[PDB]
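Enquirer: only the shape, not the letters, is given here:
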RNA sequence: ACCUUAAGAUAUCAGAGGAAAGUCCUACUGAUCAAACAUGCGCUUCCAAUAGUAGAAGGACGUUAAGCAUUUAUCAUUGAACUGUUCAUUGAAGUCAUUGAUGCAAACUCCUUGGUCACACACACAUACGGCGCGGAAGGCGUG
RNA sequence: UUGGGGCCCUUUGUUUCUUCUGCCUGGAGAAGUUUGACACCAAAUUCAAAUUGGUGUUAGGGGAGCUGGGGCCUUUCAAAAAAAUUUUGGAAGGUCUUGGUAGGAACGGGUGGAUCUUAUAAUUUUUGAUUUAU
């Protein structure tokens, strides 16, 4: 899939993601896995009713994520181009 | 090997 | 050391430590009893199951609790 | 806008979609990739009807005017579990002929660059 | 210039939610029972559609199943070539359909003496079904001829490939 | 089978740290830096302008604009415009990368300096700094350097001025400073 | 017998797979729906959204989604003391299998 | 036996898809993905009014129906005429097929018949 | 398939919000590929009553698993 | 230093032939389907003043603006007066906002977008309106 | 070749296909055009040059040939309703138009990617806990 690989390419940059409970989170993205589990660092959380707090790290299960907002520059990623050249993988 | 259920089988079966 | 949850449930089964199972909300009940056996999918059979609303509930006997509802299994 | 009858989600690449979620929120952005059907939207702005103005949509001035709170958020990947249904709103910036032209352009350039890359990496 | 280019968007503004809380989310509870319908509405439904529409797509399924259960017992249903024991007699297989008994006898006599020849043909039509029984004057010669005709890519059949072996009777 | 699209090296199918090892090396750490420098460089260099719809001017609109005057156009040679474009791009880069840190140098001897400006002992983003410089420790007390003015510090740097307008400056200062 | 039934679905062969599917449809919980289709007796299906349908099954499937005809949707909408009984008749209907709760066979 | 294969056989016929929200989509039905991801073209979304005074209606359904962008401002009821709405598979509750089609010719699973003949 | 990356949270106090309302704090002991977690010395944050010596949480009802330590 | 792999398939039915029952195949043959490419329909919708200083579509995360109307700003303990009300004290949490939020409405300013094409400055039309200039955009349908 | 009229030059790096020469009393000159050239980015040797690694650009219009397609006309041939008439099929020629013009065919595999089926209706996406309910 392309979106999972894009989220993989989005490592090390500040992303903002909103869960299905209503909360919002933004901060450095340390690691992501193929099942949309993400680990944010220095996250600034907004609980559903509006209160805002701060934690060092967080590990949110991917089954609850609604959407993930990556930096806009990733639109020029090499894996978004359709016609691609492959190095003829060895035997 | 398909869904994690098979992997959990190949743990629980040995556990029992 | 690391103990997997499957090993923890196995320890519960072996030592017969009574457990209080938290069924998730909008059901508003808890199950208290001893684990006799578990499955792949967190399906558990319970002996001497006790029904407790969220303490005037009625005993149920031996039941098989489907694992899609379990949320916690605490002793 | 009119869209071809035989047009799956693969044909609507760079069309500006109208994606609807389970919780009554819509997303309005250009589709650029998909997969579980979890999209990638370029400049999608999320809209919603506030609970204070929801009562005006209920059956009964003559013409309704709903102020919809909208947030701006860019290059966001959705999750297919929440998506409810998608609608099309606008055509891409480029015409079909120009699209084919740029595809042929990039194919020619890529073939030439691949040939040169092989020629360099072998010798 | 390491991360001067990946400048993120400003933090997203806050809007009061318009959906139900994660704790209050549920499907329909208090789903009423099904027993009450059986007493009243079922009688009316049965009275107003007496009989249901025929189940027609199962017809083809059971029809092709009938072919399977019809082919087998019919093939099993059953009970010139009653010569002596095959110790000295030779047998051939996969011969031509339009072949004859005299041609088969000559072909068998090309590599061994023949004492009695009688080709068994299908009962449907008077065409050689590809089986020819040839009695040989020497069992060793017959076995050698059969081995040669089996190892040499099959004996020369008119419109087929005729491999040879023991009569297996 | 998954390959990096920056390194172009075809990588034997991995999913664990093998992908966290490739992406954390150097041939995939600076070769992903050169890529996005070029892509962002393009969007800075783009000069394509909007499509031009030219309408037929009418007589009332033409007569007034024809009355006034013709205006001379300034034009440069090829080498001169090459040099000017290079200079302008360099100036834009230099100004864009410029960061003002006068407040950091001004409070160099503040009583709580090491806890705020050092940026390694801060409480918000210090968790990141906490194989690879005489760093300023947090245990500094105000007793050190009781009198800052004892020849330790230096004068504030004079304000910068635009070089293309460097003849604008007054010729002589008011007072005679040695 | 027991080994093949308990055997994980990724190691049986293709032929034994559709044999298992046929055995599940013949001797199993869906044998009820299979019988209800075969002898053409109506079924009373109780959906997840408090809708009861009375219909005759014409084809069912593993996920318990069936095609029905002569459907008669019966449901009630209430608030406080007031209640209203509404019914709707549908000629031919497809039904998804994730909604059903209990499927009752007519006596 | 997979009924998605039977559903793929309609491909040009008028259906009435009733989602799980309550909104019922009426329109010509194009191809159906093997996950039941329907694609209808000349659609007319509508929302049934529960006919009961105090029971008002679904609200999230009204929000989605209006945010589709095709709702008529002067419409008395909640209908939104638009073209080509793509419906995710898991949202469909029940599909009211047309009355006129024949079920006996479409329900015959060719793949299952082939498997039965092969066995 | 792929074990979640929680090898750095071992034996460190974490606070994870069960479902959408409950919040449980404890010392993590292990985890599974479903993100099931076994945490000892739990305490249901709300006064707050402890749960037990050894509890397991089904990974379906976990939403976030932020850590209250150095990490 | 860690890593070396889910397996299958590539239009479909019907008919003739070849290697009892399938089984496979046919630069075989019909019918259906799908894709590409040509090619058409009196097909359908849309394509901006200069005879003028305009206008259409979509924005503004724009101003007037503290606009005009409503509505909000903790909980427990103890003492004192008081017929619930007021003052002080200890503890507990506590998104910022009150020039906010919410409801209503209007003016103004500005951005992006377009054939700012050619011939015309014209008395039409009941079968209601030559859809009988060249292009472009988007679909519908047909043929090869 | 020279002059006149109209319109355009925001073509803003003054035609934007590239380099070099050059321009407002002007719209110009030379060389070049894909296994090549040109522009730009990044580094470190302790300025520049050097190299290695990258991202792009190589265009727009018109014509001759050569060629794919349609419409219409002529001739010739075959079948049916015949050497007179028509319709159907094919060959050749004419006219008008519309498109292309550097790759294409055949074979091949421990070749990439799409689609489809099965594992797979058992906690991480599609076989239901978001119609707010009693």
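Expert: Yes, it's here. Numbers count the residues shown, from 1 in each chain, chains lettered A, B, ... in the order given.
Enquirer: nearest residue to residue I:16 other than its sequence neighbours?
Expert: Leaving aside its sequence neighbours, residue I:16 sits nearest to residue I:65 (Cβ to Cβ, 6 or more residues apart in numbering or on different chains; 4.4 Å). Quick note: C-beta positions are derived from backbone N, CA and C, even for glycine.
Enquirer: for the one you found, list the residues it contacts.
Expert: Counting by Cβ atoms under 8 Å, 6 or more residues apart in numbering or on different chains, residue I:65 makes contact with A:58, A:59, A:60, A:61, I:6, I:9, I:14, I:16, I:37.
Enquirer: change it to 10 Å
Expert: Residues counted as contacts of residue I:65 (Cβ atoms under 10 Å, 6 or more residues apart in numbering or on different chains) are A:37, A:39, A:57-61, I:4, I:6, I:9, I:14-17, I:28, I:31, I:35, I:37, I:57, I:59.
Enquirer: how about the strands in chain D?
Expert: D:16-21, D:25-28, D:31-33, D:40-41, D:45-48, D:69-72, D:76-78, D:83-90 (DSSP state E).
Enquirer: what comes up buried for the helix or strand hosting residue A:4?
Expert: Using DSSP states H and E, residue A:4 sits within helix A:2-9. By neighbour count with 16 or more other Cβ atoms under 10 Å in any protein chain shown, helix A:2-9 contains the buried residues A:2, A:3, A:4, A:5, A:6, A:7, A:8, A:9.
Enquirer: pick out the residue closest to the middle of chain G.
Expert: residue G:64 (4.8 Å; Cα atoms, centre = their mean).
Enquirer: next, work out how far apart the residue in chain I that chain B sits nearest to and residue I:5 are.
Expert: The minimum distance from chain I to chain B, using Cβ to the nearest Cβ, falls at residue I:33 (4.8 Å). Residue I:33 is 12 Å from residue I:5, where distance means Cβ to Cβ, to the nearest Å.
Enquirer: apart from its chain neighbours, what residue comes closest to the most centrally placed residue in chain D?
Expert: The centroid of chain D falls nearest to residue D:31 when counting by Cα atoms, centre = their mean (2.4 Å). Computed as Cβ to Cβ, 6+ apart, the closest residue to residue D:31 that is not its neighbour in sequence is residue D:17, at 4.9 Å.
Enquirer: ok, now which ones touch that neighbour?
Expert: By Cβ under 10 Å, 6+ apart, the residues touching residue D:17 are D:9, D:26-31, D:39, D:41, D:44, D:86-90, H:86.
Enquirer: turn the buried ones among those residues into a named PyMOL selection, would you?
Expert: PyMOL command restricting those to the buried ones, with burial defined by 16+ other Cβ under 10 Å:
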select buried, (chain D and resi 9+26+27+28+29+30+31+39+41+44+86+87+88) or (chain H and resi 86)
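Enquirer: still on that earlier bit, closest to chain B among the buried residues of helix A:2-9?
Expert: residue A:4 (17.3 Å).
Enquirer: can you pull the contacts of the closest one?
Expert: A:32, A:33, A:34, A:35, A:36, A:62, D:35, D:36, D:38, D:77.
Enquirer: give me the distance between it and residue G:70.
Expert: Here residue A:4 is placed at a distance of 46 Å from residue G:70 (Cβ to Cβ).
Enquirer: could you do residue F:80 as well?
Expert: To residue G:70, residue F:80 is 89 Å away according to Cβ to Cβ.
Enquirer: those two: which has the busier surroundings?
Expert: Between residue F:80 and residue G:70, counted using other Cβ atoms under 10 Å in any protein chain shown, residue G:70 has the larger neighbour count: 20 against 10.
Enquirer: does the more buried one really touch residue H:99, like I thought?
Expert: No: look at residue G:70 against residue H:99 with Cβ atoms under 10 Å: they stay out of range, at 11.5 Å.
Enquirer: end-to-end on stretch H:88-101?
Expert: End-to-end distance of stretch H:88-101 (Cα to Cα, to the nearest Å): 25 Å.
Enquirer: chain C: strands as residue ranges?
Expert: With DSSP E as the criterion, chain C has strands at C:19-23, C:29-38, C:44-53, C:59-65, C:70-74.
Enquirer: parallel or antiparallel, list what pairs with the second one.
Expert: Note on strand C:29-38: by DSSP bridges, its sheet partners are strand C:19-23 (antiparallel), strand C:44-53 (antiparallel).
Enquirer: and whichever residue of chain D sits closest to chain B, what does it touch?
Expert: Closest residue of chain D to chain B, Cβ to the nearest Cβ: residue D:36 (14.4 Å). Going by Cβ under 10 Å, 6+ apart, residue D:36 touches A:1, A:3, A:4, A:36, D:79, D:80, D:81, D:83, H:35.
Enquirer: try 8 Å
Expert: When contacts are counted by Cβ under 8 Å, 6+ apart, residue D:36 touches A:1, D:79, D:80, D:81.
Enquirer: nearest residue to the closest residue to chain H within chain E in space, ignoring adjacent ones along the chain?
Expert: Scanning chain E for the residue nearest chain H gives residue E:56, at 3.8 Å (criterion: Cβ to the nearest Cβ). Closest residue to residue E:56 apart from its sequence neighbours, by Cβ to Cβ, 6+ apart: residue H:104 at 3.8 Å.
Enquirer: so where does that neighbour fall, helix or strand?
Expert: Using DSSP H and E, no helix or strand contains residue H:104.
Enquirer: quick one: contacts for it?
Expert: Counted by Cβ under 8 Å, 6+ apart, residue H:104 has contacts E:56, E:57, E:59.
Enquirer: among the residues you listed, which one has the most neighbours?
Expert: For the contacts of residue H:104, counting by other Cβ under 10 Å, the largest number of neighbours falls to residue E:57: 17 neighbours.
Enquirer: touching RNA strand K at all, stretch G:51-66?
Expert: Yes: using Cβ under 7 Å from any atom of the strand, we find that stretch G:51-66 touches RNA strand K at G:61, G:62, G:63, G:64, G:65.
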